[PDB]
Amino acid sequence: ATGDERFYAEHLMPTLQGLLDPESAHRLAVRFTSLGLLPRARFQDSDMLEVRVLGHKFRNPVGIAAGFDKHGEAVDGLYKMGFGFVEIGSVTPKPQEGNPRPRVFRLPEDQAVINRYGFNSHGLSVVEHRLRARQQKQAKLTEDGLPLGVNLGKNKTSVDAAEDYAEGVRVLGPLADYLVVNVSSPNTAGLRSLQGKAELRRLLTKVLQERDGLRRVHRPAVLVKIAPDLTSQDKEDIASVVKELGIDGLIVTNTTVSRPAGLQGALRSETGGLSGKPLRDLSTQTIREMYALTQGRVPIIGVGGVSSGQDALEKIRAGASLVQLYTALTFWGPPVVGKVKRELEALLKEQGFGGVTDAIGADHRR
Ligand SMILES: Cc1cc2nc3c(=O)[nH]c(=O)nc-3n(C[C@H](O)[C@H](O)[C@H](O)COP(=O)(O)O)c2cc1C
Ligand SMILES: CC(=O)O[C@@H](C)/C(C)=C/CC/C(C)=C/Cc1c(O)c(Cl)c(C)c(C=O)c1O
Ligand SMILES: O=C(O)c1cc(=O)[nH]c(=O)[nH]1
């Protein structure tokens, strides 16, 4: 049940959201997290939540998705919250402002958010120095089952997308357990076209060459993060390229540019990517498809609308080895992490799984 879950979800978060504009709230959340001003994460991770994937041990399979800690300011606070892994970014090569404010919108009636941040980023150099300041602390955390992902973007005005990603691999690759080639932001003109077969093969060949050129101890896994809005053709092409090139994994999915029938929020027709509950099943179905297309041989990090243990287990059974959440944190606060983990453990036991690993892709074997 938990007292603070109820307190954060029913009282504290909705009260604070009533007082603070969305981006002000985001900024305050990053600040509070970075300072460790967080409730006591009392959930002890059980052995049945441990997952071995991407050349690493993950103490639990619940991560924070990209876009919360864009500039790597709150990594340690996020582990304190009870996340099994942290992904920072997206980070662009040069600093850039992103879109004019306002650029984030709450849809409380839908338990959703729409954002059009447009890759606001401190840039590679700032983030590099921030990560270097805690590099050995991270090495110990990783060893202890708490890996770090770095999500790479491209600048708005760059004339060579592949070179932007290559720069990211060179600069932040040595500080990351895994890198994410984010070709699925809905908020950068032309970006999602990099998901097309020919463009993706060329781009990923260059990214993988740059990764392979790093020293062994500094050589991260490379994942591609994909949209929920892809055609069947697009998904077939991505699966083919992933297998051809030996891409280490997929992150499924980014936000949607669709607006599902039934959205109630006043701000439903704002431009941007939609996240949270209305994305959940679209993301789950995309995980399911990508798992089948890759014959279950390519690790998937499942993301989109995870707010409960059931949501997490649905993505795991569809083929995810790990899951992430973001929007649920914005509505329910830090206790949501312990909630998801406790519920997930209980459901695994109820469905006769020895642990998370046993449940990965279970629906495909029914
Ligand atoms: C405000 C906001 C900013 C985001 N920024 C990024 C980003 O910089 N890079 C990225 O790959 N995904 C970004 N995302 C997408 C999330 O990583 C995630 O894929 C998506 O929100 C679905 O998960 P959720 O429903 O749990 O939020 C962002 C999402 C939100 C809501
Ligand atoms: C769990 C959390 O997000 O932050 C904790 C540390 C907290 C007590 C934050 C206070 C400020 C609030 C109410 C933040 C909620 C919120 C939001 O309301 C919105 Cl709209 C966004 C985009 C974010 C992005 O992180 C967001 O955190
Ligand atoms: O910076 C953003 O606008 C952004 C990037 C991304 O990958 N996904 C998203 O929803 N927003």
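Computation of the quantities below employed the complete heavy-atom set of this structure, encompassing side-chain atoms and omitting hydrogens, waters and symmetry-equivalent molecules. Throughout, residue positions are numbered sequentially from 1 according to the sequence presented.
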S.K.: Give a yes or no on whether a salt bridge exists between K341 and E345, defined as a side-chain N under 4.0 angstrom from a carboxylate O.
M.R.: no

S.K.: Indicate whether the side chain of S275 and that of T255 have a donor and an acceptor atom separated by less than 3.5 Å.
M.R.: no

S.K.: Are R211 and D248 close enough for a salt bridge, meaning some N to O gap below 4.0 Å?
M.R.: yes

S.K.: Counting distance only, does the side-chain N/O of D144 pair as donor-acceptor with the main-chain N or O of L146 below 3.5 Å?
M.R.: no

S.K.: Any salt bridge between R268 and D110, counting N to O under 4.0 Å?
M.R.: no

S.K.: Does a side-chain N-to-carboxylate-O contact under 4.0 Å join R27 and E23?
M.R.: yes

S.K.: Is it the case that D234 and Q195 place a side-chain donor and acceptor less than 3.5 Å from each other?
M.R.: no

S.K.: Between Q138 and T142, do the side chains contain a donor N or O and an acceptor N or O under 3.5 Å apart?
M.R.: yes

S.K.: Is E163 salt-bridged to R170, cutoff N-O under 4.0 Å?
M.R.: yes

S.K.: Charged N to carboxylate O under 4.0 angstrom, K339 versus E5?
M.R.: no

S.K.: Rounded to the nearest 0.5 Å, how far apart are CG of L172 and CD of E167?
M.R.: 11.0 Å

S.K.: Could you pull out the closest heavy-atom pair between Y326 and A65, with the gap in Å?
M.R.: CB-CB, 4.0 Å

S.K.: Any side-chain heavy atom of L223 within less than 4.5 Å of one from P299?
M.R.: no

